[PDB]
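Inspection log for the structure reproduced underneath, given as structure tokens.
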Amino acid sequence: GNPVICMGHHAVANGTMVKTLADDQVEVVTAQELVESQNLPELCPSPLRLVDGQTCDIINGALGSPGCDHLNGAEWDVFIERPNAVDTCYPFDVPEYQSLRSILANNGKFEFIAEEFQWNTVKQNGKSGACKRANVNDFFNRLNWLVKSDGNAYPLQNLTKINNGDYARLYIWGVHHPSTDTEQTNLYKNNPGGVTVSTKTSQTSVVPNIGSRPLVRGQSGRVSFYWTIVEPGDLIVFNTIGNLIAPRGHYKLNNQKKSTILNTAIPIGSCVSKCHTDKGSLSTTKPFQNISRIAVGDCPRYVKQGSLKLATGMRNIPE
Amino acid sequence: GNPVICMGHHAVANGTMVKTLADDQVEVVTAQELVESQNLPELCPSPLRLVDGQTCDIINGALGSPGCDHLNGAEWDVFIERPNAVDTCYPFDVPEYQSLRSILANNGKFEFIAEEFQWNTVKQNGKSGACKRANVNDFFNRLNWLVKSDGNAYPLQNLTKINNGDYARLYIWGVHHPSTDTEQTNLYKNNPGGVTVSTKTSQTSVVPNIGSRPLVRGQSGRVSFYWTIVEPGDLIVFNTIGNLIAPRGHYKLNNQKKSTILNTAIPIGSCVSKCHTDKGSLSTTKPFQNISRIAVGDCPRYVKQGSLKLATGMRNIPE
Amino acid sequence: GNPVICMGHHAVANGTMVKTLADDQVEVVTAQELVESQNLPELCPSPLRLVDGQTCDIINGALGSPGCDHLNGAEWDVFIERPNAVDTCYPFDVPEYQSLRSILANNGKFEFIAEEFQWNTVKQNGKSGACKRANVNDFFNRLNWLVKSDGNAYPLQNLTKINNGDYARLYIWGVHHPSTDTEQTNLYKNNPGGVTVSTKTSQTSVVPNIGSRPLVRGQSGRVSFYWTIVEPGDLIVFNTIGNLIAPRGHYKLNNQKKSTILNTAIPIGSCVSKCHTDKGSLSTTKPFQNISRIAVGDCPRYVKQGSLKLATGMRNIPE
Amino acid sequence: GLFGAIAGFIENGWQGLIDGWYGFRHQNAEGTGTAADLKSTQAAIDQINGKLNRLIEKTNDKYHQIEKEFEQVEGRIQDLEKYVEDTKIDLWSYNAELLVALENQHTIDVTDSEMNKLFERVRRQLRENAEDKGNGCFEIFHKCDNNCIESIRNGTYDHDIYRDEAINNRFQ
Amino acid sequence: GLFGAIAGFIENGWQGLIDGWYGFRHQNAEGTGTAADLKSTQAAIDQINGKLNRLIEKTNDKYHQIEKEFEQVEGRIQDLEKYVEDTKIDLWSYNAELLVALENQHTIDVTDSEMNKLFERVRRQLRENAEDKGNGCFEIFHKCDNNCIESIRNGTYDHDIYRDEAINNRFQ
Amino acid sequence: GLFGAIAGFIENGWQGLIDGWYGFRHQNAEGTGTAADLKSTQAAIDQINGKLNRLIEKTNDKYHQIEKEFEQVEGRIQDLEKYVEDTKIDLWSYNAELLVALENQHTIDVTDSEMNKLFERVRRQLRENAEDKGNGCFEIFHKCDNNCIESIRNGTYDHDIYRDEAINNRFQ
Ligand SMILES: *[C@@H]1O[C@H](CO)[C@@H](O)[C@H](O)[C@H]1NC(C)=O
Ligand SMILES: *[C@@H]1O[C@H](CO)[C@@H](O)[C@H](O)[C@H]1NC(C)=O
Ligand SMILES: *[C@@H]1O[C@H](CO)[C@@H](O)[C@H](O)[C@H]1NC(C)=O
Ligand SMILES: *[C@@H]1O[C@H](CO)[C@@H](O)[C@H](O)[C@H]1NC(C)=O
Ligand SMILES: *[C@@H]1O[C@H](CO)[C@@H](O)[C@H](O)[C@H]1NC(C)=O
Ligand SMILES: *[C@@H]1O[C@H](CO)[C@@H](O)[C@H](O)[C@H]1NC(C)=O
């Protein structure tokens, strides 16, 4: 009665600590990290379709400000908006800015359908020094600045665009706020002005607000931009006695809107990834990440923990 | 030393696959489905109280449009709003539409309390061809269209309603937007009009907006509706120099608001269920469902999975 | 072959019932309650910094209404706002009330920086019987009521404040709504009035609304308050032809905003706690609480359950 | 399973066991038989029902909520409403996925455990009168008629009655 | 429990065992006694306190949030605020309900396991010198005085010392 | 572990076992040796892989969401957006924290279980020919050359062959 057989298990010199229900630090033979804490220093242009706005944010892109011509016809899964983007035109605001930005970004393309508006008597294509294009006074190339005729006339405008296409139309238009009563009359004769844009079931009415604003690119006036969506089987009516910044057409809206926008200064590179944060793309399989709450695409879920180790082996008890 | 006794367990010919932590497909003897993927093709009128709006949505129901008389006095747990509901009156909009719809739906009843408004000099009960009732020009029967007297007078209106009841009051009122300066003067003499409705601590002021809107039922004008809630111990003051669409009273608000609205084309049947989706009622005990995120009542929780099988037996190893 | 040794475990006369996956009531030797269902009848002033608004809510505190002088210079982690707070000044409203209240509360201090505004011709320091201070007609001590000169003049106001400090500035200002045309002219000569306040990139324009409101402290008029934030490197421009309730300076905004507000009638005591509810502070280590969804500080997570017992011992099988 | 009984040293289940989850299968001089064990079967069943009752339990009784379907995009507020609902759904879908997984893993370990408990019960009944064959079967080292077998199944088996016979057979 | 010791082959607990969670109860020629086992008791306690520390752990430190009480209905935005909070509370309440259930099920399985470990430890100490009676008790087939018993409890028991005596008693 | 094998009656692991997770270590007249067990190792590995597959599984494929960073405070709506995202993050962080803890606790119990299963397998192969020494080692009471040892490891060991020799050595 002398031979002996022993049953046992493997071990390593130095294992990895993991958490359980009952212990914050248990040494196991092998483990796998579930939190991704590294990012790429660049944005991957594949397999998602990225469009770099460069010096234009998505709002000035849509208005057609100087320097945004490269965005014409662009299509994107993710619009890349740059923090150092700058205004290069007449000073403006958008009462529901984030909402318009959301719509443009979500839609995912800049497909503009030009249209002829038969405006009456009034002069078209007004320009400004605040919006210069190659040293020449210009304006938003998607917008049409209406002013009084040489005969000092600004008659009531009353125009209709009917939509019997198979897509919803996005009309972007604006109302100009002069600095003084003089500027008001000098531009639009009538005082006060007024704009009313309406569909069958919705409407927007704006009365201009005359007053001095801070000087921006040599202007105390402001343009406030609005938008109107026109569904198939609907129609839009523009009504003005002054101060209208008219559209030159409409943007096409996709029926299905699948896109978005990402604001970051990180440059676009040559890598391949379907997950993008504002800190750069991720190339990982881990189920979680702690890099940024701002993440677009096929991404790990954002968590606060810097590390969460999944045990992939038994307890390590060496010797 | 020859007899033998064996310990064992049962098995079936063909078992059911379930998921665990370690295996996506394990065969067990029996299992139970936790996701409900079947619905009834109808809405159950018991034990919840449903009110079918039919051709009237809840907003026109509150306004008292033609065809909505059947909703008078209605009380509901769930207002059933129909996709094919149509406008049958003067073209209108509601600046905070979804908010008004929410309040009316949540309140859960149409209890209208008529009141006498001693309007001065002005004509009452204005009607329109856009809102015909049995071939006769009419209007919202909860609203009162004030216009100038035959003596071409529209004096400043200045009326007060005090609330010393034991319930909060909902006043629904509107402001009319004429198509032209002519229509403005022809209706209200003064130009411009103006409305101010206020309580002790809140107020709403509206200036009419004259302009051409699209033709709807033969009208280029629009009515914009607003509302004012008057708590017990408070009072409401109506102030007008034109264009007011006056209330004929107020709706009673329940102190506790427990109701809601469900928009669907699904017909009401004869079944019994306390869970309603926009696809029809559910008759199930399962803890989850994948039919619709839109669910009202005592319902299973909505999940994405089409199926989730709970093991109710041991592993099946047949032969 | 006679001795016997037995292996066993302890038990008590009466144990505690707990829940598991398979049983709603299991008796274990010991258990620990994880839901905190008791609160203190007072608010702990340590170690968090509490500021009692007393008879002043945070809005009148900011405006500097009579009775709010005690809030001058105050700094808080949690502003304690009282349900029985009352208005002691000219009747007012705030178009985005909850938004302004949030900003003030979140900012966490009342550091007012007085500035000299070189208003032209107009009289300053207008007062009112609705806002008495020691039997003398007064006003919000942070606001400056501009009215017409003795020479019956109210010239266009056109003033600029530039921000080259290292902090963002909060300007609070208002627009007065007269009860009648007479009151309008008697106060501001011009009719109508008008206000335009703007920065480089933002603006707010308000036209007064003349009409009768309910009598509050002997007044039918109302003041609507607005605000403008001016970042470093930006500037603000005030533009008025009447009805402006001008600021006397600006509040300092912290870069990092970490504070909040708690509305409750619970008195402040002498206890120490970092968790505050609207029902009183909590002093507990439990991970959960069922006292109130409204909780500020280092608090247990709010749950619906009144009790959840964690087993801290084996199953109790006595005798 | 954690105990390695079901799909372990028990090679397979018994399709002929139709009146129980666990049971006895024997062979003696008189013949063969299969009989279900009541206590083991009930223990497994009760614990599985406990899961069922706790699971199919609580209401989720909701009425006025938020809009969840939208004709056209509006922007900021609609984005938040859509984001709130999608967030809710993912979390709950996760909960469901995990819950079922947890229950099933536990259900299998419980049933595997109950099998093992039955084998161990009988092992302790037999004492030195039998030997583990390794396949969940005990070789009984004494004559054991149908009455003897039943006494094992119903727990009245007295090992001292057969011990002398059994020890003699085992070790000579 | 998964191992079937507590509320299993151990018929009940000991109310007289007030200094430990597990222990020994013996009877020999000199009398009877009950003594706690420190190692088994401590193992159970450490794992249970471990749960407690991980549970009663992390802050949830929140200040500026959203309004959660409302005087009167406002509509869309208030509906969303109300819906967001109600959604949050249900999710956390679920988490709490499940957490306690998971911990408790595990706590019972651990304690049942630790009982079983102690019995198995002693079983291995005794070798061929004792027999399992079926109730968590071992019949010892040799004279075992108080010093002998203590050697078992403190793990110094040497089976070879009594082996001849024990085997002779067992099989003759 | 629940079974008390790993970090239990097995005092420690084997750093020399580099081609398996579990195995055999023997000493006979011919010498000593260590050899991995394929079935036990594979069983542990497969179940851990199942966890990995189910864990590193599903997409979370999101595009248009909400703003999550803000230059300056705006009030009510921004408060709600911030509150929504913060609520979301805490819940998922909770989910992750609990998930890993649950998996790891289960992983340790599985591996400890697979260790115990192997020991029990060999125990049943050896029958009355060996005795448990208490440290995961069996004292074999008959001559066992390398072929004999291998027959144990590969499961072809026939206890009846050595039974007479073994019984005689054990009890005389
Ligand atoms: C112009 O306005 C009149 C009424 O003022 C309206 O009947 C007509 O349809 C309008 N024309 C267009 C082209 O909108
Ligand atoms: C993410 O975790 C890593 C460590 O895993 C840590 O160094 C880093 O700071 C974390 N990122 C954060 C907290 O944003
Ligand atoms: C009418 O207005 C005057 C002031 O213009 C006010 O004194 C009076 O109370 C008002 N009457 C009603 C009934 O509102
Ligand atoms: C729900 O699940 C069933 C299968 O269980 C599937 O056929 C159905 O399409 C699902 N419903 C959805 C995805 O809306
Ligand atoms: C006053 O207004 C004029 C134009 O109307 C402007 O040039 C000037 O800067 C303004 N002054 C101040 C102090 O804002
Ligand atoms: C909290 O739970 C206690 C019991 O633990 C109960 O008495 C109390 O009413 C609960 N508080 C609620 C439901 O607000």
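Letters for chains follow the order of the structure tokens (A, B, ...), residue numbers begin at 1 for each chain, and ligand numbers begin at 1 in the order shown.
Around ligand 3, the neighbouring residues within 9 Å, taking only C-alpha atoms and all ligand atoms, come to residues 157, 158, 159, 160, 161, 236, 237, 238 and 239 of chain B; 179, 180, 211, 212, 213, 214, 215 and 220 of chain C.
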Save the residues we just selected, N, CA and C atoms, as a PDB file, in the first residue's frame?
```
ATOM      1  N   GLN B 157     -62.528  95.927 -24.500  1.00  0.00           N
ATOM      2  CA  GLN B 157     -63.206  94.989 -23.615  1.00  0.00           C
ATOM      3  C   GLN B 157     -62.373  94.744 -22.365  1.00  0.00           C
ATOM      4  N   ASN B 158     -63.062  94.594 -21.240  1.00  0.00           N
ATOM      5  CA  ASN B 158     -62.439  94.661 -19.931  1.00  0.00           C
ATOM      6  C   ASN B 158     -63.280  93.882 -18.932  1.00  0.00           C
ATOM      7  N   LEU B 159     -63.149  92.561 -18.965  1.00  0.00           N
ATOM      8  CA  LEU B 159     -64.054  91.691 -18.227  1.00  0.00           C
ATOM      9  C   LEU B 159     -63.286  90.772 -17.284  1.00  0.00           C
ATOM     10  N   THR B 160     -63.909  90.435 -16.158  1.00  0.00           N
ATOM     11  CA  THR B 160     -63.262  89.642 -15.117  1.00  0.00           C
ATOM     12  C   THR B 160     -64.114  88.463 -14.662  1.00  0.00           C
ATOM     13  N   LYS B 161     -63.488  87.296 -14.553  1.00  0.00           N
ATOM     14  CA  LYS B 161     -64.132  86.125 -13.972  1.00  0.00           C
ATOM     15  C   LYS B 161     -63.345  85.672 -12.750  1.00  0.00           C
ATOM     16  N   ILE B 236     -59.407  85.638 -13.554  1.00  0.00           N
ATOM     17  CA  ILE B 236     -58.904  85.843 -14.905  1.00  0.00           C
ATOM     18  C   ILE B 236     -59.495  87.119 -15.506  1.00  0.00           C
ATOM     19  N   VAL B 237     -58.670  87.872 -16.228  1.00  0.00           N
ATOM     20  CA  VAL B 237     -59.122  89.115 -16.845  1.00  0.00           C
ATOM     21  C   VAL B 237     -58.888  89.130 -18.349  1.00  0.00           C
ATOM     22  N   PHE B 238     -59.969  89.291 -19.105  1.00  0.00           N
ATOM     23  CA  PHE B 238     -59.877  89.379 -20.555  1.00  0.00           C
ATOM     24  C   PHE B 238     -59.859  90.828 -21.015  1.00  0.00           C
ATOM     25  N   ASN B 239     -58.894  91.139 -21.870  1.00  0.00           N
ATOM     26  CA  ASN B 239     -58.659  92.500 -22.324  1.00  0.00           C
ATOM     27  C   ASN B 239     -58.468  92.528 -23.836  1.00  0.00           C
TER      28      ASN B 239
ATOM     29  N   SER C 179     -50.936  99.791 -17.628  1.00  0.00           N
ATOM     30  CA  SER C 179     -52.334  99.379 -17.663  1.00  0.00           C
ATOM     31  C   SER C 179     -53.119 100.082 -18.766  1.00  0.00           C
ATOM     32  N   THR C 180     -52.802 101.351 -19.004  1.00  0.00           N
ATOM     33  CA  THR C 180     -53.528 102.150 -19.986  1.00  0.00           C
ATOM     34  C   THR C 180     -52.590 102.984 -20.843  1.00  0.00           C
ATOM     35  N   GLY C 211     -52.520  96.974 -21.219  1.00  0.00           N
ATOM     36  CA  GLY C 211     -53.805  96.397 -20.878  1.00  0.00           C
ATOM     37  C   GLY C 211     -53.981  96.197 -19.385  1.00  0.00           C
ATOM     38  N   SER C 212     -55.225  95.971 -18.971  1.00  0.00           N
ATOM     39  CA  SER C 212     -55.555  95.773 -17.562  1.00  0.00           C
ATOM     40  C   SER C 212     -55.294  94.348 -17.081  1.00  0.00           C
ATOM     41  N   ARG C 213     -54.439  94.221 -16.069  1.00  0.00           N
ATOM     42  CA  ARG C 213     -54.244  92.957 -15.362  1.00  0.00           C
ATOM     43  C   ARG C 213     -54.960  93.038 -14.008  1.00  0.00           C
ATOM     44  N   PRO C 214     -55.127  91.892 -13.315  1.00  0.00           N
ATOM     45  CA  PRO C 214     -55.734  91.943 -11.980  1.00  0.00           C
ATOM     46  C   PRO C 214     -54.958  92.841 -11.026  1.00  0.00           C
ATOM     47  N   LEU C 215     -55.662  93.460 -10.088  1.00  0.00           N
ATOM     48  CA  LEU C 215     -55.019  94.348  -9.134  1.00  0.00           C
ATOM     49  C   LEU C 215     -54.190  93.549  -8.138  1.00  0.00           C
ATOM     50  N   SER C 220     -52.236  97.530 -11.746  1.00  0.00           N
ATOM     51  CA  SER C 220     -52.742  96.764 -12.878  1.00  0.00           C
ATOM     52  C   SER C 220     -51.627  96.502 -13.881  1.00  0.00           C
TER      53      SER C 220
END
```
Stretch 146-162 of chain F surroundings by only C-alpha atoms, 12 Å radius, close-in-sequence under 5 positions cut, as a PDB file with C-alpha atoms, in the first residue's frame:
```
ATOM      1  CA  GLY A   1       0.000   0.000   0.000  1.00  0.00           C
ATOM      2  CA  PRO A   3       1.791   4.358  -4.547  1.00  0.00           C
ATOM      3  CA  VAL A   4      -0.007   7.741  -4.534  1.00  0.00           C
ATOM      4  CA  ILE A   5      -1.916   9.739  -7.175  1.00  0.00           C
ATOM      5  CA  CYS A   6      -2.706  13.432  -6.706  1.00  0.00           C
ATOM      6  CA  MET A   7      -5.271  15.656  -8.356  1.00  0.00           C
TER       7      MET A   7
ATOM      8  CA  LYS D 133     -20.254   1.749  -9.530  1.00  0.00           C
ATOM      9  CA  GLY D 134     -19.575   5.229 -10.893  1.00  0.00           C
ATOM     10  CA  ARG D 170     -17.514  -7.341  -0.371  1.00  0.00           C
ATOM     11  CA  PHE D 171     -14.228  -8.497   1.144  1.00  0.00           C
TER      12      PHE D 171
ATOM     13  CA  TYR F  22      -6.112  20.297 -14.282  1.00  0.00           C
ATOM     14  CA  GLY F  23      -4.061  17.106 -14.144  1.00  0.00           C
ATOM     15  CA  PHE F  24      -2.426  14.186 -12.363  1.00  0.00           C
ATOM     16  CA  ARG F  25       0.666  14.005 -10.170  1.00  0.00           C
ATOM     17  CA  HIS F  26       1.803  10.557  -9.079  1.00  0.00           C
ATOM     18  CA  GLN F  27       4.538   8.654  -7.262  1.00  0.00           C
ATOM     19  CA  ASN F  28       5.213   4.943  -7.699  1.00  0.00           C
ATOM     20  CA  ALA F  29       8.094   2.466  -7.715  1.00  0.00           C
ATOM     21  CA  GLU F  30       9.167   3.704 -11.135  1.00  0.00           C
ATOM     22  CA  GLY F  31       9.193   7.388 -10.170  1.00  0.00           C
ATOM     23  CA  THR F  32       7.118  10.561 -10.338  1.00  0.00           C
ATOM     24  CA  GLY F  33       5.223  12.401 -13.073  1.00  0.00           C
ATOM     25  CA  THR F  34       2.799  15.184 -13.950  1.00  0.00           C
ATOM     26  CA  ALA F  35       0.228  14.959 -16.754  1.00  0.00           C
ATOM     27  CA  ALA F  36      -2.646  17.232 -17.806  1.00  0.00           C
ATOM     28  CA  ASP F  37      -6.267  16.096 -17.898  1.00  0.00           C
ATOM     29  CA  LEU F  38      -7.902  17.016 -21.207  1.00  0.00           C
ATOM     30  CA  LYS F  39     -11.591  16.648 -20.395  1.00  0.00           C
ATOM     31  CA  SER F  40     -11.601  18.715 -17.192  1.00  0.00           C
ATOM     32  CA  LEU F 118     -12.010  15.379 -11.533  1.00  0.00           C
ATOM     33  CA  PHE F 119     -11.143  14.265  -7.998  1.00  0.00           C
ATOM     34  CA  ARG F 121     -14.111  10.907 -11.081  1.00  0.00           C
ATOM     35  CA  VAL F 122     -10.818   9.308 -10.064  1.00  0.00           C
ATOM     36  CA  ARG F 123     -12.243   8.420  -6.634  1.00  0.00           C
ATOM     37  CA  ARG F 124     -15.001   6.387  -8.303  1.00  0.00           C
ATOM     38  CA  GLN F 125     -12.529   4.680 -10.655  1.00  0.00           C
ATOM     39  CA  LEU F 126     -10.434   3.459  -7.714  1.00  0.00           C
ATOM     40  CA  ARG F 127     -13.296   1.960  -5.682  1.00  0.00           C
ATOM     41  CA  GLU F 128     -12.012   0.000  -2.679  1.00  0.00           C
ATOM     42  CA  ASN F 129      -8.428  -0.036  -3.983  1.00  0.00           C
ATOM     43  CA  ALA F 130      -7.449   3.381  -2.599  1.00  0.00           C
ATOM     44  CA  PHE F 138      -5.173   8.941  -3.095  1.00  0.00           C
ATOM     45  CA  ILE F 140      -3.053   3.349  -3.735  1.00  0.00           C
ATOM     46  CA  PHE F 141      -2.908   0.067  -1.862  1.00  0.00           C
ATOM     47  CA  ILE F 167      -8.150  -5.048   0.210  1.00  0.00           C
ATOM     48  CA  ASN F 168      -5.513  -7.269   1.829  1.00  0.00           C
ATOM     49  CA  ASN F 169      -3.079  -4.364   2.119  1.00  0.00           C
TER      50      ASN F 169
END
```
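Selected on chain E by distance to chain B: residues 72, 73, 74, 75, 76, 77 and 79 of chain E (within 9 Å, counting only C-alpha atoms).
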Selection above as a file: N, CA and C atoms, as a short mmCIF file (atom, residue, chain, number, x, y, z; two decimals), in the first residue's frame:
```
data_model
loop_
_atom_site.label_atom_id
_atom_site.label_comp_id
_atom_site.auth_asym_id
_atom_site.auth_seq_id
_atom_site.Cartn_x
_atom_site.Cartn_y
_atom_site.Cartn_z
N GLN E 72 -49.30 72.46 -11.01
CA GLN E 72 -50.29 72.29 -12.07
C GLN E 72 -49.61 71.74 -13.32
N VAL E 73 -50.37 71.04 -14.16
CA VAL E 73 -49.82 70.52 -15.41
C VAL E 73 -49.45 71.65 -16.37
N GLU E 74 -48.39 71.45 -17.14
CA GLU E 74 -47.97 72.45 -18.12
C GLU E 74 -47.99 71.88 -19.53
N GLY E 75 -47.87 70.56 -19.63
CA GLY E 75 -47.80 69.91 -20.92
C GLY E 75 -46.48 69.22 -21.23
N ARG E 76 -46.01 69.40 -22.46
CA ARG E 76 -44.95 68.58 -23.05
C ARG E 76 -43.68 68.44 -22.22
N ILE E 77 -43.11 69.56 -21.80
CA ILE E 77 -41.82 69.54 -21.11
C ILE E 77 -41.96 68.94 -19.72
N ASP E 79 -44.25 66.79 -18.85
CA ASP E 79 -44.51 65.37 -19.07
C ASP E 79 -43.20 64.60 -19.19
#
```
For this session: Pull out every residue of chain F that has at least one atom within 10 Å of chain E, counting only C-alpha atoms, and report them as a ChimeraX atom specification.
Result: /F:1-5,8-9,75-84,86-88,90-91,94-95,98,102,105,131-135,170-172
Per residue of chain C within 10 Å of chain A, note the shortest atom pair and the distance in Å to one decimal, counting only C-alpha atoms, and order the rows by chain and increasing residue number, as CSV.
```
residue,atom,partner,partner_atom,distance
C:156,CA,A:211,CA,9.7
C:157,CA,A:212,CA,9.9
C:158,CA,A:212,CA,7.4
C:159,CA,A:212,CA,9.4
C:160,CA,A:214,CA,8.5
C:194,CA,A:209,CA,9.2
C:195,CA,A:211,CA,8.5
C:196,CA,A:211,CA,6.4
C:197,CA,A:213,CA,7.8
C:198,CA,A:213,CA,5.8
C:199,CA,A:214,CA,6.3
C:200,CA,A:214,CA,5.6
C:201,CA,A:93,CA,6.8
C:202,CA,A:93,CA,6.8
C:203,CA,A:213,CA,8.1
C:204,CA,A:209,CA,9.4
C:205,CA,A:209,CA,6.6
C:206,CA,A:209,CA,8.5
C:207,CA,A:209,CA,9.0
C:234,CA,A:214,CA,9.3
C:235,CA,A:214,CA,7.5
C:236,CA,A:214,CA,7.4
C:237,CA,A:213,CA,6.4
C:238,CA,A:212,CA,8.2
C:239,CA,A:211,CA,6.3
C:240,CA,A:211,CA,8.2
C:241,CA,A:211,CA,9.7
```
Prev. selection, C-alpha atoms, output as a CSV table (one decimal), in the first residue's frame:
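And here is the file that came out, again.csv:
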```csv
chain,number,residue,atom,x,y,z
C,156,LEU,CA,-33.7,106.9,-27.4
C,157,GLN,CA,-31.3,105.2,-25.0
C,158,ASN,CA,-28.1,103.7,-26.4
C,159,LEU,CA,-25.6,102.4,-23.9
C,160,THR,CA,-22.9,99.8,-23.9
C,194,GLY,CA,-39.6,99.2,-26.7
C,195,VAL,CA,-36.5,97.4,-25.5
C,196,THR,CA,-33.6,95.7,-27.3
C,197,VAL,CA,-30.8,94.1,-25.4
C,198,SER,CA,-28.1,92.3,-27.4
C,199,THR,CA,-24.6,90.8,-27.3
C,200,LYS,CA,-22.3,90.0,-30.3
C,201,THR,CA,-24.1,86.7,-30.9
C,202,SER,CA,-27.4,87.0,-29.0
C,203,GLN,CA,-30.3,89.4,-28.5
C,204,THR,CA,-33.7,89.9,-26.9
C,205,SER,CA,-36.3,92.3,-28.2
C,206,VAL,CA,-39.5,93.2,-26.3
C,207,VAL,CA,-42.5,95.4,-27.2
C,234,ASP,CA,-18.1,90.1,-25.2
C,235,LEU,CA,-20.3,93.2,-24.6
C,236,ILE,CA,-23.9,94.1,-24.0
C,237,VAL,CA,-26.0,96.9,-25.6
C,238,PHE,CA,-29.1,98.4,-24.1
C,239,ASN,CA,-31.5,100.0,-26.5
C,240,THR,CA,-34.8,101.7,-25.4
C,241,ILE,CA,-37.5,104.2,-26.4
```
For this session: Would you mind listing what lies within 10 Å of residue A:305 as a PyMOL selection string, with only C-alpha atoms counted and same-chain residues fewer than 4 positions away left out?
Result: (chain A and resi 35+37+288-290) or (chain F and resi 93-94+96-97)
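Note that atom CA of residue B:227 and atom CA of residue D:69 are 25.2 Å apart.
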For this session: From a DSSP pass on the backbone, collect the residues of stretch 12-256 of chain A flagged as helix (DSSP H, G or I) and hand them back as a ChimeraX atom specification.
Result: /A:58-63,69-71,97-107,181-188
Exercise. Do you have the atom CA of residue C:309-atom CA of residue E:53 distance handy?
Worked result: 15.5 Å
For this session: Give the residues close to ligand 2, within 10 Å, counting only C-alpha atoms and all ligand atoms; write them as a ChimeraX atom specification.
Result: /A:33-38,289-293,303-308
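Atom CA of residue B:172 sits 12.5 Å away from atom CA of residue B:253.
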For this session: Would you please extract all strand (DSSP E or B) residues from stretch 53-101 of chain A, as assigned by DSSP on the backbone, and give them as a ChimeraX atom specification?
Result: /A:75,78-81,92-93
